[PDB]
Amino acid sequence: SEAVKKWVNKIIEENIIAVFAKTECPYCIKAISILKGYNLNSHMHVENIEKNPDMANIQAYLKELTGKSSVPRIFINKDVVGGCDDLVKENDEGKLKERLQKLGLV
C-alpha cells in the first residue's frame, strides 16, 4: 500500500518530532512526556495508530523504517530515535539535548 506509506511519510516529514503511539500505552505516555518536558509540543505530532483501520500496515512500515513494529516509534527530523528506552538512553547520555540544540529547539 503506497497510500499507507505516503501517509506515514507525511507525518514524519511535516513534523520535526513524530511519535507513533497507541491507546493506553505507558511507554508511549512516558516518551511523549519526556519530549514535552523539552517544550517541544509546537514541533511535535503524536499519531495514535491503534485507532486506525490500517494499524498492521502502519506497524509493518514502521518496522521497515526502524527495525521494530512496536509503539512508541520516535523520529526526530526524520532520523530514527527508536522506542522509549532508546529515548531514555539518549536523554540520560546527553544525546537528546544535543539533537534538539542542533535543530534550534532548545
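Sequential numbering from 1, following the sequence displayed.
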*Per the entry, where is the mean C-alpha temperature factor higher: 11-19 or 93-101?*
93-101
*Which is higher on average in the deposited entry, the C-alpha temperature factors of 53-61 or of 35-43?*
35-43
*Taking the entry's C-alpha B-factors for this chain, is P26 in the lowest, middle or highest third?*
middle
*asked:* How does the C-alpha B factor of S70 compare with the rest of the chain: lowest, middle or highest third?
replied: middle
